[PDB]
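Below: model-v4.pdb (PDB, C-alpha atoms (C1' of nucleotides))
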```pdb
ATOM      1  CA  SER L 281      11.112   7.281 -26.752  1.00  0.00           C
ATOM      2  CA  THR L 282      13.862   6.584 -24.218  1.00  0.00           C
ATOM      3  CA  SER L 283      13.371   3.938 -21.542  1.00  0.00           C
ATOM      4  CA  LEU L 284      15.993   4.442 -18.826  1.00  0.00           C
ATOM      5  CA  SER L 285      13.219   3.789 -16.270  1.00  0.00           C
ATOM      6  CA  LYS L 286      11.891   0.573 -17.811  1.00  0.00           C
ATOM      7  CA  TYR L 287      10.997  -0.805 -14.368  1.00  0.00           C
ATOM      8  CA  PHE L 288      11.157   2.224 -12.048  1.00  0.00           C
ATOM      9  CA  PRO L 289       7.964   3.117 -10.171  1.00  0.00           C
ATOM     10  CA  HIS L 290       6.096   5.543 -12.394  1.00  0.00           C
ATOM     11  CA  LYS L 291       3.291   6.428  -9.939  1.00  0.00           C
ATOM     12  CA  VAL L 292       4.451   8.964  -7.349  1.00  0.00           C
ATOM     13  CA  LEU L 293       1.270  11.018  -6.688  1.00  0.00           C
ATOM     14  CA  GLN L 294      -1.635   9.143  -5.127  1.00  0.00           C
ATOM     15  CA  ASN L 295      -5.021  10.863  -5.140  1.00  0.00           C
ATOM     16  CA  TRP L 296      -8.331  10.155  -3.404  1.00  0.00           C
ATOM     17  CA  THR L 297     -11.594  11.959  -4.097  1.00  0.00           C
ATOM     18  CA  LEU L 298     -13.369  13.264  -0.996  1.00  0.00           C
ATOM     19  CA  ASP L 299     -17.067  13.898  -0.380  1.00  0.00           C
ATOM     20  CA  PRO L 300     -18.238  16.678   1.982  1.00  0.00           C
ATOM     21  CA  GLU L 301     -18.205  14.472   5.099  1.00  0.00           C
ATOM     22  CA  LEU L 302     -14.718  13.230   4.224  1.00  0.00           C
ATOM     23  CA  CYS L 303     -13.558  16.806   3.558  1.00  0.00           C
ATOM     24  CA  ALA L 304     -14.897  17.685   7.010  1.00  0.00           C
ATOM     25  CA  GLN L 305     -13.358  14.781   8.965  1.00  0.00           C
ATOM     26  CA  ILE L 306     -10.080  14.503   7.044  1.00  0.00           C
ATOM     27  CA  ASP L 307      -8.097  16.119   9.886  1.00  0.00           C
ATOM     28  CA  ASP L 308      -9.224  13.839  12.716  1.00  0.00           C
ATOM     29  CA  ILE L 309      -8.923  10.789  10.454  1.00  0.00           C
ATOM     30  CA  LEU L 310      -5.372  11.777   9.507  1.00  0.00           C
ATOM     31  CA  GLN L 311      -4.256  12.525  13.049  1.00  0.00           C
ATOM     32  CA  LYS L 312      -5.691   9.237  14.317  1.00  0.00           C
ATOM     33  CA  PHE L 313      -4.031   7.257  11.530  1.00  0.00           C
ATOM     34  CA  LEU L 314      -0.647   8.920  11.970  1.00  0.00           C
ATOM     35  CA  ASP L 315      -0.519   8.840  15.777  1.00  0.00           C
ATOM     36  CA  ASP L 316      -2.057   5.357  16.215  1.00  0.00           C
ATOM     37  CA  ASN L 317       0.829   4.000  14.108  1.00  0.00           C
ATOM     38  CA  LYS L 318       3.536   6.232  15.624  1.00  0.00           C
ATOM     39  CA  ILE L 319       4.296   7.830  12.261  1.00  0.00           C
ATOM     40  CA  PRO L 320       6.656  10.860  12.341  1.00  0.00           C
ATOM     41  CA  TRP L 321       5.137  13.932  10.750  1.00  0.00           C
ATOM     42  CA  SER L 322       5.250  17.708  10.830  1.00  0.00           C
ATOM     43  CA  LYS L 323       3.471  20.675   9.272  1.00  0.00           C
ATOM     44  CA  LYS L 324       5.322  22.347   6.399  1.00  0.00           C
ATOM     45  CA  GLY L 325       2.723  25.009   5.683  1.00  0.00           C
ATOM     46  CA  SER L 326      -0.382  23.922   3.793  1.00  0.00           C
ATOM     47  CA  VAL L 327       1.202  20.471   3.547  1.00  0.00           C
ATOM     48  CA  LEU L 328       2.123  17.602   5.857  1.00  0.00           C
ATOM     49  CA  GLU L 329       5.522  15.912   5.734  1.00  0.00           C
ATOM     50  CA  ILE L 330       5.819  12.257   6.759  1.00  0.00           C
ATOM     51  CA  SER L 331       9.342  10.929   7.298  1.00  0.00           C
ATOM     52  CA  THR L 332       9.465   7.258   8.238  1.00  0.00           C
ATOM     53  CA  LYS L 333      12.546   5.180   8.987  1.00  0.00           C
ATOM     54  CA  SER L 334      10.679   1.847   9.118  1.00  0.00           C
ATOM     55  CA  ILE L 335       7.236   0.452   8.378  1.00  0.00           C
ATOM     56  CA  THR L 336       5.216   0.632  11.587  1.00  0.00           C
ATOM     57  CA  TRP L 337       1.645   0.170  10.336  1.00  0.00           C
ATOM     58  CA  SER L 338       1.910  -3.194   8.562  1.00  0.00           C
ATOM     59  CA  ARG L 339       0.517  -6.417   9.980  1.00  0.00           C
ATOM     60  CA  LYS L 340       4.010  -7.776   9.411  1.00  0.00           C
ATOM     61  CA  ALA L 341       5.305  -4.851  11.467  1.00  0.00           C
ATOM     62  CA  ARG L 342       2.859  -5.655  14.257  1.00  0.00           C
ATOM     63  CA  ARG L 343       3.948  -9.308  14.215  1.00  0.00           C
ATOM     64  CA  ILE L 344       7.617  -8.249  14.340  1.00  0.00           C
ATOM     65  CA  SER L 345       7.100  -5.811  17.224  1.00  0.00           C
ATOM     66  CA  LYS L 346       4.607  -7.664  19.437  1.00  0.00           C
ATOM     67  CA  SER L 347       6.916 -10.678  19.064  1.00  0.00           C
ATOM     68  CA  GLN L 348      10.383 -10.820  20.598  1.00  0.00           C
ATOM     69  CA  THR L 349      12.398 -11.160  17.376  1.00  0.00           C
ATOM     70  CA  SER L 350      16.182 -11.132  17.056  1.00  0.00           C
ATOM     71  CA  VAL L 351      15.790  -8.070  14.809  1.00  0.00           C
ATOM     72  CA  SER L 352      13.000  -5.811  16.084  1.00  0.00           C
ATOM     73  CA  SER L 353      12.738  -3.588  12.992  1.00  0.00           C
ATOM     74  CA  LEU L 354      11.647  -3.708   9.344  1.00  0.00           C
ATOM     75  CA  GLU L 355      13.543  -0.662   8.126  1.00  0.00           C
ATOM     76  CA  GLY L 356      13.214   1.343   4.920  1.00  0.00           C
ATOM     77  CA  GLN L 357      13.129   5.133   4.887  1.00  0.00           C
ATOM     78  CA  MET L 358      10.657   7.293   2.995  1.00  0.00           C
ATOM     79  CA  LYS L 359       9.344  10.869   2.867  1.00  0.00           C
ATOM     80  CA  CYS L 360       6.027  12.013   1.463  1.00  0.00           C
ATOM     81  CA  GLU L 361       3.753  15.056   1.379  1.00  0.00           C
ATOM     82  CA  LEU L 362       0.050  15.077   2.253  1.00  0.00           C
ATOM     83  CA  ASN L 363      -2.149  17.761   0.742  1.00  0.00           C
ATOM     84  CA  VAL L 364      -5.764  18.590  -0.022  1.00  0.00           C
ATOM     85  CA  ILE L 365      -6.421  20.289  -3.363  1.00  0.00           C
ATOM     86  CA  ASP L 366      -9.588  20.235  -5.476  1.00  0.00           C
ATOM     87  CA  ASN L 367     -11.480  18.120  -2.939  1.00  0.00           C
ATOM     88  CA  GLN L 368      -8.770  15.483  -3.356  1.00  0.00           C
ATOM     89  CA  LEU L 369      -6.370  14.085  -0.778  1.00  0.00           C
ATOM     90  CA  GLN L 370      -2.914  13.796  -2.344  1.00  0.00           C
ATOM     91  CA  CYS L 371       0.125  11.877  -1.148  1.00  0.00           C
ATOM     92  CA  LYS L 372       3.288  12.655  -3.095  1.00  0.00           C
ATOM     93  CA  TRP L 373       6.368  10.486  -2.633  1.00  0.00           C
ATOM     94  CA  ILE L 374       9.226  12.967  -2.179  1.00  0.00           C
ATOM     95  CA  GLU L 375      12.197  10.927  -0.859  1.00  0.00           C
ATOM     96  CA  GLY L 376      13.311   7.291  -0.796  1.00  0.00           C
ATOM     97  CA  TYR L 377      14.465   4.401  -2.970  1.00  0.00           C
ATOM     98  CA  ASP L 378      12.024   1.685  -1.859  1.00  0.00           C
ATOM     99  CA  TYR L 379       8.632   2.213  -3.510  1.00  0.00           C
ATOM    100  CA  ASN L 380       7.082  -0.615  -1.510  1.00  0.00           C
ATOM    101  CA  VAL L 381       7.133   1.347   1.740  1.00  0.00           C
ATOM    102  CA  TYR L 382       5.426   4.310   0.062  1.00  0.00           C
ATOM    103  CA  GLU L 383       2.776   2.162  -1.600  1.00  0.00           C
ATOM    104  CA  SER L 384       2.294   0.300   1.702  1.00  0.00           C
ATOM    105  CA  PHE L 385       1.668   3.631   3.432  1.00  0.00           C
ATOM    106  CA  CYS L 386      -0.749   4.606   0.669  1.00  0.00           C
ATOM    107  CA  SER L 387      -2.706   1.363   0.974  1.00  0.00           C
ATOM    108  CA  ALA L 388      -2.991   1.744   4.758  1.00  0.00           C
ATOM    109  CA  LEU L 389      -4.073   5.375   4.389  1.00  0.00           C
ATOM    110  CA  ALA L 390      -6.729   4.376   1.865  1.00  0.00           C
ATOM    111  CA  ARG L 391      -7.986   1.730   4.296  1.00  0.00           C
ATOM    112  CA  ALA L 392      -8.160   4.378   7.034  1.00  0.00           C
ATOM    113  CA  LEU L 393     -10.234   6.587   4.741  1.00  0.00           C
ATOM    114  CA  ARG L 394     -12.695   3.787   4.026  1.00  0.00           C
ATOM    115  CA  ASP L 395     -12.937   2.761   7.692  1.00  0.00           C
ATOM    116  CA  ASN L 396     -13.279   5.998   9.645  1.00  0.00           C
ATOM    117  CA  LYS L 397     -15.866   7.213   7.095  1.00  0.00           C
ATOM    118  CA  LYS L 398     -18.210   4.193   7.168  1.00  0.00           C
TER
ATOM    119  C1'   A G   1     -10.333   0.303 -18.378  1.00  0.00           C
ATOM    120  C1'   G G   2      -9.740  -6.566 -20.768  1.00  0.00           C
ATOM    121  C1'   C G   3      -6.552 -11.084 -19.822  1.00  0.00           C
ATOM    122  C1'   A G   4      -1.976 -12.560 -17.940  1.00  0.00           C
ATOM    123  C1'   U G   5       2.156 -11.166 -14.031  1.00  0.00           C
ATOM    124  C1'   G G   6       3.015  -8.781  -9.370  1.00  0.00           C
ATOM    125  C1'   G G   7       2.980  -6.805  -5.025  1.00  0.00           C
ATOM    126  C1'   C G   8       0.166  -3.586  -1.466  1.00  0.00           C
ATOM    127  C1'   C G   9      -3.656  -2.487   3.094  1.00  0.00           C
ATOM    128  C1'   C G  10      -6.663  -6.160   6.300  1.00  0.00           C
ATOM    129  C1'   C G  11      -7.491 -11.689   8.551  1.00  0.00           C
ATOM    130  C1'   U G  12      -5.435 -16.866   9.837  1.00  0.00           C
ATOM    131  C1'   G G  13      -0.325 -18.201  10.574  1.00  0.00           C
ATOM    132  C1'   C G  14       6.289 -19.067  15.611  1.00  0.00           C
ATOM    133  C1'   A G  15       9.695 -18.551  10.812  1.00  0.00           C
ATOM    134  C1'   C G  16       9.401 -19.919   5.839  1.00  0.00           C
ATOM    135  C1'   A G  17       5.103 -20.978   3.448  1.00  0.00           C
ATOM    136  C1'   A G  18      -0.010 -21.691   2.341  1.00  0.00           C
ATOM    137  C1'   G G  19      -4.648 -19.828   2.262  1.00  0.00           C
ATOM    138  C1'   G G  20      -8.940 -16.103   2.944  1.00  0.00           C
ATOM    139  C1'   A G  21     -11.129 -11.368   2.265  1.00  0.00           C
ATOM    140  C1'   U G  22     -11.224  -6.841   0.148  1.00  0.00           C
ATOM    141  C1'   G G  23     -10.277  -2.166  -1.834  1.00  0.00           C
ATOM    142  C1'   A G  24      -6.909   0.939  -3.678  1.00  0.00           C
ATOM    143  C1'   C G  25      -3.157  -0.174  -7.119  1.00  0.00           C
ATOM    144  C1'   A G  26       0.843  -1.088 -10.164  1.00  0.00           C
ATOM    145  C1'   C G  27       6.085  -2.618 -12.717  1.00  0.00           C
ATOM    146  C1'   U G  28       5.802  -5.258 -18.181  1.00  0.00           C
ATOM    147  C1'   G G  29       3.548  -8.751 -21.654  1.00  0.00           C
ATOM    148  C1'   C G  30      -0.696 -10.046 -25.359  1.00  0.00           C
ATOM    149  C1'   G G  31      -0.216  -4.925 -28.572  1.00  0.00           C
TER
END
```

Take the structure from the file and write it as structure tokens.
Amino acid sequence: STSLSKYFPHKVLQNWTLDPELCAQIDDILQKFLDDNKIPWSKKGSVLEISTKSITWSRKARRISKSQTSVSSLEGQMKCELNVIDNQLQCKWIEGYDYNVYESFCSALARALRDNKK
RNA sequence: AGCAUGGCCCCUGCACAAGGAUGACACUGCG
């Protein structure tokens, strides 16, 4: 009953159920989301890799960029894999130490899924 | 899939704050 991770993030796979019309539009939704926020990504087979060096989708990030700030970046690096298995969209966190960037990306992705579907 | 704690995506906001909305959530505590 060891606890060497008594406060580490214990959720690393995020899943979203997808109806037929989501399953059909998942590709255009994903491309829009990723390219409208300038998010680096590449195809690694049946899987997408996202490698970010800084948060670029946050409202805070928009405030920092659209404003001339002394530091024009909110850094924090993270890698994650996007997949579709069993009519579910999965995002697995595969690299990084800051969980908040990965959960921030997940929250924005979830918002994208609710918006471009309704 | 309760209550507390917390942050996340979105809105207001020069910064720090403080709100608002909302859905997906989560470290641990009551247990």

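We find atom CA of residue 344 of chain L and atom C1' of residue 12 of chain G to be spaced 16.3 Å apart.
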
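Applied to the file shown here, the PyMOL selection byres ((chain G and resi 19-26) around 7) selects the residues residues 387 and 390 of chain L; 18 and 27 of chain G.
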
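Distance-wise, atom CA of residue 318 of chain L and atom CA of residue 353 of chain L end up 13.7 Å apart.
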
How close does each residue of chain L get to chain G, giving the shortest atom pair and distance in Å to one decimal for every residue with an atom at most 6 Å away, counting only C-alpha atoms (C1' of nucleotides), sorted by chain and residue number, as CSV?
```
residue,atom,partner,partner_atom,distance
L:287,CA,G:27,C1',5.5
L:384,CA,G:8,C1',5.4
L:387,CA,G:9,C1',4.5
L:388,CA,G:9,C1',4.6
```

What does the distance from atom CA of residue 354 of chain L to atom CA of residue 385 of chain L come to in Å, to one decimal? 13.7 Å

Residues within 12 Å of (5.1, -4.1, 15.6), file coordinates, counting all atoms listed in the file: what are they? Give the list as an MDAnalysis selection string. chainID L and resid 316:318 334:349 351:355

Write the selection just made, keeping C-alpha atoms, as a PDB file, in the coordinates of the input?
```pdb
ATOM      1  CA  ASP L 316      -2.057   5.357  16.215  1.00  0.00           C
ATOM      2  CA  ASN L 317       0.829   4.000  14.108  1.00  0.00           C
ATOM      3  CA  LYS L 318       3.536   6.232  15.624  1.00  0.00           C
ATOM      4  CA  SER L 334      10.679   1.847   9.118  1.00  0.00           C
ATOM      5  CA  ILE L 335       7.236   0.452   8.378  1.00  0.00           C
ATOM      6  CA  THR L 336       5.216   0.632  11.587  1.00  0.00           C
ATOM      7  CA  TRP L 337       1.645   0.170  10.336  1.00  0.00           C
ATOM      8  CA  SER L 338       1.910  -3.194   8.562  1.00  0.00           C
ATOM      9  CA  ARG L 339       0.517  -6.417   9.980  1.00  0.00           C
ATOM     10  CA  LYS L 340       4.010  -7.776   9.411  1.00  0.00           C
ATOM     11  CA  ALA L 341       5.305  -4.851  11.467  1.00  0.00           C
ATOM     12  CA  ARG L 342       2.859  -5.655  14.257  1.00  0.00           C
ATOM     13  CA  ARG L 343       3.948  -9.308  14.215  1.00  0.00           C
ATOM     14  CA  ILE L 344       7.617  -8.249  14.340  1.00  0.00           C
ATOM     15  CA  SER L 345       7.100  -5.811  17.224  1.00  0.00           C
ATOM     16  CA  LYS L 346       4.607  -7.664  19.437  1.00  0.00           C
ATOM     17  CA  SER L 347       6.916 -10.678  19.064  1.00  0.00           C
ATOM     18  CA  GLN L 348      10.383 -10.820  20.598  1.00  0.00           C
ATOM     19  CA  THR L 349      12.398 -11.160  17.376  1.00  0.00           C
ATOM     20  CA  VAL L 351      15.790  -8.070  14.809  1.00  0.00           C
ATOM     21  CA  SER L 352      13.000  -5.811  16.084  1.00  0.00           C
ATOM     22  CA  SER L 353      12.738  -3.588  12.992  1.00  0.00           C
ATOM     23  CA  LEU L 354      11.647  -3.708   9.344  1.00  0.00           C
ATOM     24  CA  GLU L 355      13.543  -0.662   8.126  1.00  0.00           C
TER      25      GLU L 355
END
```

With the PyMOL selection byres ((chain L and resi 289-297) around 12) as the selection, what would be picked from this file? Answer as a ChimeraX atom specification, please. /L:283-288,298-303,306,359-380,382-387,389-394 /G:24-28

Enumerate, as a PyMOL selection string, the residues matched when the PyMOL selection byres ((chain G and resi 3) around 12) is run on the file above. chain G and resi 2+4-5+29-30

Listed atoms of segment 18-28 of chain G boxed along x, y and z, 4 Å each side, centre and edge lengths in Å, one decimal, as AutoDock Vina command-line options:
```
--center_x -2.6 --center_y -10.4 --center_z -7.6 --size_x 25.3 --size_y 30.6 --size_z 29.1
```

Would you mind putting back N, CA, C and O atoms on segment 311-328 of chain L, then writing it out as a PDB file, in the frame of the given file?
```
ATOM      1  N   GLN L 311      -4.981  12.541  11.788  1.00  0.00           N
ATOM      2  CA  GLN L 311      -4.256  12.525  13.049  1.00  0.00           C
ATOM      3  C   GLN L 311      -4.354  11.163  13.713  1.00  0.00           C
ATOM      4  O   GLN L 311      -3.351  10.637  14.202  1.00  0.00           O
ATOM      5  N   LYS L 312      -5.553  10.569  13.738  1.00  0.00           N
ATOM      6  CA  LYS L 312      -5.691   9.237  14.317  1.00  0.00           C
ATOM      7  C   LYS L 312      -4.786   8.246  13.609  1.00  0.00           C
ATOM      8  O   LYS L 312      -4.016   7.529  14.249  1.00  0.00           O
ATOM      9  N   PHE L 313      -4.847   8.207  12.280  1.00  0.00           N
ATOM     10  CA  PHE L 313      -4.031   7.257  11.530  1.00  0.00           C
ATOM     11  C   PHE L 313      -2.552   7.428  11.843  1.00  0.00           C
ATOM     12  O   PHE L 313      -1.836   6.449  12.088  1.00  0.00           O
ATOM     13  N   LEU L 314      -2.075   8.672  11.838  1.00  0.00           N
ATOM     14  CA  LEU L 314      -0.647   8.920  11.970  1.00  0.00           C
ATOM     15  C   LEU L 314      -0.159   8.622  13.381  1.00  0.00           C
ATOM     16  O   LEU L 314       0.919   8.044  13.560  1.00  0.00           O
ATOM     17  N   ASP L 315      -0.946   8.995  14.394  1.00  0.00           N
ATOM     18  CA  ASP L 315      -0.519   8.840  15.777  1.00  0.00           C
ATOM     19  C   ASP L 315      -0.803   7.449  16.339  1.00  0.00           C
ATOM     20  O   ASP L 315      -0.085   7.001  17.238  1.00  0.00           O
ATOM     21  N   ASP L 316      -1.805   6.739  15.821  1.00  0.00           N
ATOM     22  CA  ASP L 316      -2.057   5.357  16.215  1.00  0.00           C
ATOM     23  C   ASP L 316      -1.070   4.381  15.598  1.00  0.00           C
ATOM     24  O   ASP L 316      -1.079   3.205  15.965  1.00  0.00           O
ATOM     25  N   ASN L 317      -0.236   4.827  14.658  1.00  0.00           N
ATOM     26  CA  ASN L 317       0.829   4.000  14.108  1.00  0.00           C
ATOM     27  C   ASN L 317       2.192   4.635  14.326  1.00  0.00           C
ATOM     28  O   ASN L 317       3.169   4.214  13.698  1.00  0.00           O
ATOM     29  N   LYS L 318       2.269   5.654  15.183  1.00  0.00           N
ATOM     30  CA  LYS L 318       3.536   6.232  15.624  1.00  0.00           C
ATOM     31  C   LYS L 318       4.359   6.706  14.426  1.00  0.00           C
ATOM     32  O   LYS L 318       5.555   6.437  14.309  1.00  0.00           O
ATOM     33  N   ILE L 319       3.702   7.424  13.527  1.00  0.00           N
ATOM     34  CA  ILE L 319       4.296   7.830  12.261  1.00  0.00           C
ATOM     35  C   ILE L 319       4.813   9.259  12.408  1.00  0.00           C
ATOM     36  O   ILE L 319       4.025  10.156  12.745  1.00  0.00           O
ATOM     37  N   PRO L 320       6.099   9.509  12.166  1.00  0.00           N
ATOM     38  CA  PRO L 320       6.656  10.860  12.341  1.00  0.00           C
ATOM     39  C   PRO L 320       6.163  11.821  11.267  1.00  0.00           C
ATOM     40  O   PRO L 320       6.239  11.535  10.072  1.00  0.00           O
ATOM     41  N   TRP L 321       5.688  12.982  11.697  1.00  0.00           N
ATOM     42  CA  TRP L 321       5.137  13.932  10.750  1.00  0.00           C
ATOM     43  C   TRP L 321       5.202  15.342  11.318  1.00  0.00           C
ATOM     44  O   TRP L 321       5.224  15.549  12.529  1.00  0.00           O
ATOM     45  N   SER L 322       5.227  16.313  10.416  1.00  0.00           N
ATOM     46  CA  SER L 322       5.250  17.708  10.830  1.00  0.00           C
ATOM     47  C   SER L 322       4.564  18.560   9.770  1.00  0.00           C
ATOM     48  O   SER L 322       4.412  18.154   8.613  1.00  0.00           O
ATOM     49  N   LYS L 323       4.134  19.748  10.180  1.00  0.00           N
ATOM     50  CA  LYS L 323       3.471  20.675   9.272  1.00  0.00           C
ATOM     51  C   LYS L 323       4.505  21.517   8.537  1.00  0.00           C
ATOM     52  O   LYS L 323       5.332  22.177   9.164  1.00  0.00           O
ATOM     53  N   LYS L 324       4.459  21.503   7.212  1.00  0.00           N
ATOM     54  CA  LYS L 324       5.322  22.347   6.399  1.00  0.00           C
ATOM     55  C   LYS L 324       4.506  23.389   5.639  1.00  0.00           C
ATOM     56  O   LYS L 324       4.726  23.635   4.458  1.00  0.00           O
ATOM     57  N   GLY L 325       3.549  24.009   6.313  1.00  0.00           N
ATOM     58  CA  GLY L 325       2.723  25.009   5.683  1.00  0.00           C
ATOM     59  C   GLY L 325       1.316  24.518   5.452  1.00  0.00           C
ATOM     60  O   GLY L 325       0.601  24.192   6.402  1.00  0.00           O
ATOM     61  N   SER L 326       0.898  24.485   4.191  1.00  0.00           N
ATOM     62  CA  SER L 326      -0.382  23.922   3.793  1.00  0.00           C
ATOM     63  C   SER L 326      -0.274  22.442   3.477  1.00  0.00           C
ATOM     64  O   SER L 326      -1.152  21.887   2.809  1.00  0.00           O
ATOM     65  N   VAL L 327       0.774  21.794   3.978  1.00  0.00           N
ATOM     66  CA  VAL L 327       1.202  20.471   3.547  1.00  0.00           C
ATOM     67  C   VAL L 327       1.765  19.745   4.760  1.00  0.00           C
ATOM     68  O   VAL L 327       2.363  20.357   5.650  1.00  0.00           O
ATOM     69  N   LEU L 328       1.554  18.439   4.811  1.00  0.00           N
ATOM     70  CA  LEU L 328       2.123  17.602   5.857  1.00  0.00           C
ATOM     71  C   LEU L 328       3.321  16.850   5.298  1.00  0.00           C
ATOM     72  O   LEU L 328       3.264  16.332   4.185  1.00  0.00           O
TER      73      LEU L 328
END
```
